[PDB]
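None of the figures in this text is laboratory data; all of them are computed from the coordinates on show. All Cβ positions, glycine included, derive from the backbone under ideal geometry; neighbour counts span all protein chains shown.
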Amino acid sequence: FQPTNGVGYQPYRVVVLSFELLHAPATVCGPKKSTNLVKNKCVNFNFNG
Amino acid sequence: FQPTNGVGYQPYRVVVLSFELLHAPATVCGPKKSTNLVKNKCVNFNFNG
Amino acid sequence: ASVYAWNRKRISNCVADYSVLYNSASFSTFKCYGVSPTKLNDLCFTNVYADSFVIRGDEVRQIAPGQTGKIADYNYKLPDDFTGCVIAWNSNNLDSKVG
Amino acid sequence: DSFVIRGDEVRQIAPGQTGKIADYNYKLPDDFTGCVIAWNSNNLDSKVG
């Protein structure tokens, strides 16, 4: 690599994030915050994905 | 400017240093060390440039 | 690390904020396969593998499912059923010296 | 003299050349005694979008 080389021949740093979704419990969760549990009533739920 | 742009259309920072040397005492000099004064001998000398 | 010795890190047991990756404007290539890129925050994943390396500019298009090339054949091959994102940014200041 | 230009117009920062930067932006004298230091700044001066 040289800094005078064209953009085809310039350094690029690559990070590939690969997520696996198995039957195991999910450990990597987003920054969404939990709410209180509401029972015996029809709700729209997101239970750990 | 975009990072996907080619090197012809990529940002280059340019600093142009202009040195002026008149019949004036020099104020900008290098870090060359000042030696002890040895007189009455045939020496090469460098007095303030 | 180099592309032949690409570095894999295991990310698990934490809260991942993918918004800081998405809002910042330095990543020239941000291509997700199997996942919508703007819907990264609401999903939960079991484990994440982060593979990092350095390649030249015409070799960025070979980091994708089903592509061919020197990097795809001999250096780094993605599966055709790949689920995740490829995040590539220019690093000309950090990885090039004159000469 | 520090400024930011694009790559193809770095060659205009020299005594005796023409172009948009030389004519309308920054002109160097023909008797210029000094140096011109230009480096790529794609990481600092380019934004996606």
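Sorted from closest to farthest, the other copies place their B:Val15 label points 3.1 nm away, with each point set 7 Å from Cα along Cα→Cβ. Cross-link pairs exceeding 27 Å in C-alpha to C-alpha distance, out of B:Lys33/D:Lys27; C:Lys31/C:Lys97; A:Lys32/C:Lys9; C:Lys31/C:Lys77; B:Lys32/C:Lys97; C:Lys31/C:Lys70, comprise B:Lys33/D:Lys27; C:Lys31/C:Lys97; B:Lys32/C:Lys97. The distance between label points at D:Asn25 and C:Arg10 comes to 5.3 nm (points 7 Å beyond Cα on the Cα→Cβ vector). Counted over the protein assembly as shown with a bin width of 5 Å, the fraction of Cα pairs per bin, in whole percents, is 1, 5, 10, 11, 11, 10, 9, 7, 7, 7, 6, 5, 4, 3, 2, 1, 1, 0, 0, 0, 0, 0. In whole Å, what is the distance between the alpha-carbon centres of the range C:41-68 and the range A:10-49? The two parts, judged by their Cα centres, are 20 Å apart.
With no solvent and one point per C-alpha, what does the Debye sum give as log10 I(q)/I(0) for chain D at q = 0.13 Å⁻¹? So the normalised log intensities work out to -0.35. Considered as an equivalent ellipsoid built on the Cα gyration tensor, chain B has semi-axes of 46, 14, 8 Å, the largest given first. The charge dipole of the protein assembly as shown, taken about its Cα centre with unit charges on the Cβ atoms of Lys, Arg (+1), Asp and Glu (-1) only, comes to about 780 debye.
Mean residue ellipticity at 222 nm, helices only, chain D: -1000 deg cm²/dmol; runs of at least 4 DSSP H residues each add -39,500 (n - 2.57), and the sum is divided by the number of residues.
Provide, as a two-decimal number, the C-alpha radius of gyration of chain C over 2.2 N^0.38 Å, N being how many residues it has. The partial results should precede the final answer.
Details: Rg = 14.4 Å, N = 99, 2.2 N^0.38 = 12.6 Å.
Taking N as the residue count of chain C, the ratio is 1.15.
Our summary gives chain C a relative contact order of 40 percent, counting only alpha carbon pairs under 8 angstrom and 6 or more residues apart.
By the Cβ distance rule (another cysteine Cβ under 4.7 Å), the unpaired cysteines of chain C are C:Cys14.
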